[PDB]
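Reckoned from all heavy atoms, side chains included, excluding hydrogens, waters and symmetry mates. Numbering starts at 1 and runs along the sequence shown. When a ligand or atom number is given, it counts from 1 through the structure's own listing order.
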Amino acid sequence: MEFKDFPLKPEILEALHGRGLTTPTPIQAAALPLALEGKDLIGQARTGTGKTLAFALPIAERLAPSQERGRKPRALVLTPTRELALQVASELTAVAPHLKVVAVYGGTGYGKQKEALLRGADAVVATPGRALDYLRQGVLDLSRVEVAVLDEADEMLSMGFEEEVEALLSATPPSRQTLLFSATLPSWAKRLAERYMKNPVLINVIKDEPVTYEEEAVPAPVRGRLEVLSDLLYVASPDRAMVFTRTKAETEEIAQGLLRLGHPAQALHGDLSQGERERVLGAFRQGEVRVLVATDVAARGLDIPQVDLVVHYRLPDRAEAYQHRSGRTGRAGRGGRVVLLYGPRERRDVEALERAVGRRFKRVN
Ligand SMILES: Nc1ncnc2c1ncn2[C@@H]1O[C@H](COP(=O)(O)O)[C@@H](O)[C@H]1O
Ligand code: NA
Ligand code: NA
């Protein structure tokens, strides 16, 4: 079905078509029928899936225009970062020209956002900390919210916003539509689905997502590869990074090496107990650990957070392994980056990978 085939108001369709948007992405095609009818859903998606429009369109269609001075918002979208709040606010503004969208975030003054809220708003796109400040001030009123969106729930959890998110949702009416989007579903997300949502349908598009990350094949010697990795990590300065290697022993050697060189790194391998694995992934999610060095076996699962950089320390054996590793990159609206380290010997190994993947990697020449 094209967008014109969905039940959308004439102005909304015209806005889509003006931007050359005609055909829903998979998450949009699956979510729209439920979302347009005000039902709750969990959208398990990563990068470049079009999840923003999957909630912006229902907000646009469900909310009628209002010119009431000082009006309270009827939609709340919560995002983990200022960067994402700005991108989402921008998209919602273009999808719904009839709604006043207000972006709310910290790092700046309180004055301009306060004035905008007081003037009247239809939708608020906010980081949870600043939204909560305005709520307690009495500036942001959420009693008329009809749609609440949690965009990247697992990352809000990682930024320490869990209690803020729950407070904000509790300030909205219980008849609200709730839409939750997240790459992973940790315990806190499942608690939300249970206590803050109404039997949401889960739609998981992980297996049908476009490649959004930058890929670079980097020639690197076997000897002293650790220093090469460490310098790359300092230069790139990712908030979270995952480094893949072949064996358990390697994950230990590398994690310990990176720790010695100043990186908060930990090994993730198959011989850890569930306690050990839970603590590692928990520390990773929380930011206490920022580099995870893992084997392919240990990284299988839904409990692994998205990262900003994936490094292939050894080459993957197969295209399947390459994609499983590399798909972990990209969070918070950013496409992320993948680096394949390869030695003097492995040129054809890389070419075979490219052939199998059906995609050429950028050569650092
Ligand atoms: N139906 C669509 N057709 C083509 N591109 C889209 C569509 N929906 C969203 N996009 C774009 O896909 C990118 C990824 O969106 P998101 O996954 O929401 O960050 C953004 O640049 C969107 O503008
Ligand atoms: Na239509
Ligand atoms: Na992607």
Side-chain angles (χ1 to χ4, degrees), residues 1-33 35-37 41-62 77-97 101 103 123 125 149-156 179-184 203-215 242 304-310 319 322-338 357-359 361:
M1 291 168 70
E2 302 188 10
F3 285 123
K4 75 178 176 55
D5 298 326
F6 283 87
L8 298 169
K9 289 182 284 211
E11 331 78 70
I12 294 184
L13 202 64
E14 284 167 7
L16 294 178
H17 288 178
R19 298 167 61 204
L21 298 170
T22 63
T23 311
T25 61
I27 195 166
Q28 294 160 1
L32 282 182
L36 285 178
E37 301 314 310
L41 63 91
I42 293 170
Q44 187 162 16
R46 265 110 74 133
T47 60
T49 65
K51 57 183 167 64
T52 302
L53 196 60
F55 62 80
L57 275 173
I59 287 165
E61 179 68 21
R62 293 190 66 81
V77 178
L78 297 182
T79 64
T81 64
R82 172 189 162 280
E83 186 190 347
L84 191 55
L86 288 172
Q87 298 171 196
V88 171
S90 166
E91 196 143 3
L92 180 54
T93 293
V95 176
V101 180
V125 182
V149 178
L150 300 188
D151 189 10
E152 317 229 346
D154 57 354
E155 301 292 339
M156 262 160 303
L179 308 172
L180 192 156
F181 295 85
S182 191
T184 71
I203 296 169
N204 176 334
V205 301
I206 302 316
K207 297 192 177 178
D208 198 348
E209 302 175 335
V211 176
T212 308
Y213 48 83
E214 298 169 7
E215 290 161 313
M242 193 150 193
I304 308 288
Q306 290 297 109
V307 301
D308 307 295
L309 177 70
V310 161
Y322 177 79
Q323 191 44 238
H324 268 111
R325 292 175 170 188
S326 302
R328 301 294 192 187
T329 196
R331 53 193 278 254
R334 306 185 299 273
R337 187 177 161 204
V338 171
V357 171
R359 188 180 329 131
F361 306 148

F6 and side-chain contact (heavy atoms from CB on, under 4.5 Å): which single residue from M1, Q28, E61 fits? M1
For the pair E214 and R334, find out whether any cationic side-chain nitrogen is under 4.0 Å from an anionic carboxylate oxygen. no
Let me have the donor-acceptor pairs involving side chains of residues 80-89, under 3.5 Å, with sequence neighbours excluded, atom names and distances please.
unit_1 : atom_1 : unit_2 : atom_2 : d
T81    : OG1    : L84    : N      : 3.1

Any N/O/S atom of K4 sitting less than 3.0 Å from the Na ion (ligand 2), backbone or side chain? yes
Protein N, O or S atoms lying under 3.0 Å from the Na ion (ligand 3), listed by chain and number: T47 O, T47 OG1, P210 O, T212 OG1
Go through it in stages, so that I can follow the logic: the residues are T184 and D154, the test is side chain to side chain donor-acceptor pair (under 3.5 Å), and I'd like the CA-CA distance, side-chain angles, deciding distance and then a yes or no. CA-CA 6 Å; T184 71; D154 57 354; 2.9 Å; yes
Over all atoms of both residues, closest heavy-atom pair of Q44 and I206: O-CD1, 3.6 Å
For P26 against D208, the heavy-atom pair lying closest together: CG-OD2, 3.8 Å
When the side chains of residues 10-22 are checked against the rest of the protein, which donor-acceptor pairs come out under 3.5 Å, sequence neighbours left out?
none

Under 3.0 Å from the Na ion (ligand 2), is there any N, O or S atom belonging to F6? yes
State, to 0.1 Å, how close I203 and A30 come at their nearest heavy-atom pair, and which atoms those are. CD1-O, 3.6 Å
Residues in contact with ligand 1, criterion: heavy atom under 4.0 Å: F3, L21, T23, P24, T25, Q28, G48, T49, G50, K51, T52, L53, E91
Looking at every non-hydrogen atom in both residues, tell me the closest pair between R331 and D308 and how far apart they are. NH1-OD2, 2.8 Å
Taking all atoms of both residues into account, what is the closest heavy-atom pair of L36 and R62, and its distance? O-NH1, 2.9 Å
